[PDB]
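One structure is given here, and the rest of the page talks about it.
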Amino acid sequence: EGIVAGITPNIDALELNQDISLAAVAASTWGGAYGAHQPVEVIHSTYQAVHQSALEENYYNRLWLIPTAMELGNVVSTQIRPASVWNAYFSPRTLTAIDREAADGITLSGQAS
């Protein structure tokens with residue numbers, strides 16, 4: 001009937017500030033499409049296979065990294081900048097840790113571990 005379309009290399013590696021889009025469904029196969037009823041429709045079901053996809057699954061289901069390169073330039077006073085991350089997973093993505101290297105003097109206030 002229908003099993004898989006693919007599109008695993010494209011979307012996962014595409015120009016997406018997210019990744020692993022529509023990945024959980026791959027293992028979650030299930031399937032009960034086969035079968036037709038007669039609500040006096042006409043009943044014309046042919047082939048019923050898989051093909052292509054939205055092709056625009058962009059920016060779905062993981063963290064974000066808005067800042068890519070910071071131009072601090074000359075630092076002479078206490079500066080404050082925002083850092084944000086957006087998780088689109090239906091389940092949280094817990095950060096393992098923040099290995100601070102040469103980052104002494106940089107602190108985050110109002111946030112837990």
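Here's how to read the names in the structure tokens: chain A, B, ... by the order shown, residue numbers from 1 in each chain, ligand numbers from 1 in the order shown.
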Would you write out, as JSON lines, a table of all residues in region 11-38 of chain A that have an atom no more than 12 Å from an atom of region 81-101 of chain A, listing for each the closest atom pair and the distance in Å to one decimal, considering only C-alpha atoms and ordering rows by chain and rising residue number?
```
{"residue": "A:17", "atom": "CA", "partner": "A:86", "partner_atom": "CA", "distance": 9.6}
{"residue": "A:18", "atom": "CA", "partner": "A:88", "partner_atom": "CA", "distance": 8.1}
{"residue": "A:19", "atom": "CA", "partner": "A:88", "partner_atom": "CA", "distance": 9.7}
{"residue": "A:20", "atom": "CA", "partner": "A:89", "partner_atom": "CA", "distance": 9.2}
{"residue": "A:21", "atom": "CA", "partner": "A:89", "partner_atom": "CA", "distance": 9.0}
{"residue": "A:22", "atom": "CA", "partner": "A:89", "partner_atom": "CA", "distance": 10.0}
{"residue": "A:23", "atom": "CA", "partner": "A:89", "partner_atom": "CA", "distance": 10.5}
{"residue": "A:24", "atom": "CA", "partner": "A:89", "partner_atom": "CA", "distance": 9.9}
```
How about saving the chosen residues, C-alpha atoms kept, as an mmCIF file, in the first residue's frame?
```
data_model
loop_
_atom_site.group_PDB
_atom_site.id
_atom_site.type_symbol
_atom_site.label_atom_id
_atom_site.label_comp_id
_atom_site.auth_asym_id
_atom_site.auth_seq_id
_atom_site.Cartn_x
_atom_site.Cartn_y
_atom_site.Cartn_z
ATOM 1 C CA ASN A 17 17.135 26.778 11.981
ATOM 2 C CA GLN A 18 15.510 23.516 13.111
ATOM 3 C CA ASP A 19 16.073 19.878 12.159
ATOM 4 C CA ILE A 20 14.774 16.361 12.731
ATOM 5 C CA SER A 21 11.483 17.589 11.276
ATOM 6 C CA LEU A 22 8.773 14.916 11.077
ATOM 7 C CA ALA A 23 11.283 12.329 12.312
ATOM 8 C CA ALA A 24 9.341 10.732 15.179
#
```
Could you give me the residues within region 3-99 of chain A that DSSP places in alpha helix (DSSP H), as a PyMOL selection string? chain A and resi 8-13+24-27
Store the residues picked out above in a file with N, CA, C and O atoms, as a JSON list (two decimals), in the first residue's frame.
```
[["chain", "number", "residue", "atom", "x", "y", "z"],
["A", 8, "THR", "N", 14.69, 12.24, 3.91],
["A", 8, "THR", "CA", 15.40, 12.33, 5.17],
["A", 8, "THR", "C", 16.68, 13.16, 5.02],
["A", 8, "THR", "O", 17.01, 13.94, 5.92],
["A", 9, "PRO", "N", 17.43, 13.03, 3.92],
["A", 9, "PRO", "CA", 18.66, 13.84, 3.81],
["A", 9, "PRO", "C", 18.37, 15.31, 3.56],
["A", 9, "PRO", "O", 19.03, 16.17, 4.14],
["A", 10, "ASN", "N", 17.39, 15.61, 2.70],
["A", 10, "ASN", "CA", 17.15, 16.99, 2.31],
["A", 10, "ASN", "C", 16.73, 17.84, 3.50],
["A", 10, "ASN", "O", 17.46, 18.74, 3.92],
["A", 11, "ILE", "N", 15.56, 17.55, 4.08],
["A", 11, "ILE", "CA", 15.00, 18.43, 5.10],
["A", 11, "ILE", "C", 15.91, 18.51, 6.31],
["A", 11, "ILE", "O", 16.16, 19.60, 6.84],
["A", 12, "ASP", "N", 16.42, 17.37, 6.77],
["A", 12, "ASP", "CA", 17.24, 17.37, 7.98],
["A", 12, "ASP", "C", 18.46, 18.27, 7.81],
["A", 12, "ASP", "O", 18.90, 18.92, 8.76],
["A", 13, "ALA", "N", 19.03, 18.30, 6.60],
["A", 13, "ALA", "CA", 20.23, 19.07, 6.31],
["A", 13, "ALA", "C", 19.94, 20.40, 5.64],
["A", 13, "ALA", "O", 20.88, 21.15, 5.33],
["A", 24, "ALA", "N", 9.95, 11.69, 14.27],
["A", 24, "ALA", "CA", 9.34, 10.73, 15.18],
["A", 24, "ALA", "C", 8.32, 9.86, 14.47],
["A", 24, "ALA", "O", 8.11, 8.70, 14.86],
["A", 25, "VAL", "N", 7.65, 10.39, 13.44],
["A", 25, "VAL", "CA", 6.64, 9.63, 12.73],
["A", 25, "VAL", "C", 7.25, 8.46, 11.97],
["A", 25, "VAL", "O", 6.57, 7.44, 11.77],
["A", 26, "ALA", "N", 8.50, 8.57, 11.54],
["A", 26, "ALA", "CA", 9.11, 7.52, 10.73],
["A", 26, "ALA", "C", 9.07, 6.17, 11.46],
["A", 26, "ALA", "O", 8.63, 5.16, 10.90],
["A", 27, "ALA", "N", 9.54, 6.14, 12.71],
["A", 27, "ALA", "CA", 9.46, 4.91, 13.49],
["A", 27, "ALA", "C", 8.03, 4.58, 13.87],
["A", 27, "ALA", "O", 7.67, 3.40, 13.98]]
```
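In this structure, CA of residue 51 (chain A) sits 5.4 Å away from CA of residue 5 (chain A).
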Residues within 9 Å of residue 3 (chain A), please, as a ChimeraX atom specification. Count only C-alpha atoms; anything in the same chain fewer than 6 positions from it doesn't count. /A:29,31,49-50
Could the residues in this selection be written to a file with N, CA, C and O atoms, as a short mmCIF file (atom, residue, chain, number, x, y, z; two decimals), in the first residue's frame?
```cif
data_model
loop_
_atom_site.label_atom_id
_atom_site.label_comp_id
_atom_site.auth_asym_id
_atom_site.auth_seq_id
_atom_site.Cartn_x
_atom_site.Cartn_y
_atom_site.Cartn_z
N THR A 29 5.07 3.90 12.64
CA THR A 29 4.49 3.57 11.34
C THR A 29 2.98 3.36 11.44
O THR A 29 2.20 4.12 10.85
N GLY A 31 -0.72 2.08 10.65
CA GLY A 31 -1.31 2.12 9.33
C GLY A 31 -2.56 1.28 9.20
O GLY A 31 -2.55 0.08 9.46
N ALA A 49 -0.64 5.09 -2.73
CA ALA A 49 0.76 4.91 -2.38
C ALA A 49 1.35 6.20 -1.81
O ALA A 49 0.67 7.22 -1.66
N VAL A 50 2.64 6.15 -1.48
CA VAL A 50 3.37 7.28 -0.92
C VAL A 50 4.10 7.99 -2.04
O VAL A 50 4.44 7.39 -3.06
#
```
For CA of residue 53 (chain A) and CA of residue 2 (chain A), quote the distance in Å rounded to one decimal. 13.2 Å
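Between CA of residue 108 (chain A) and CA of residue 61 (chain A) the separation is 25.8 Å.
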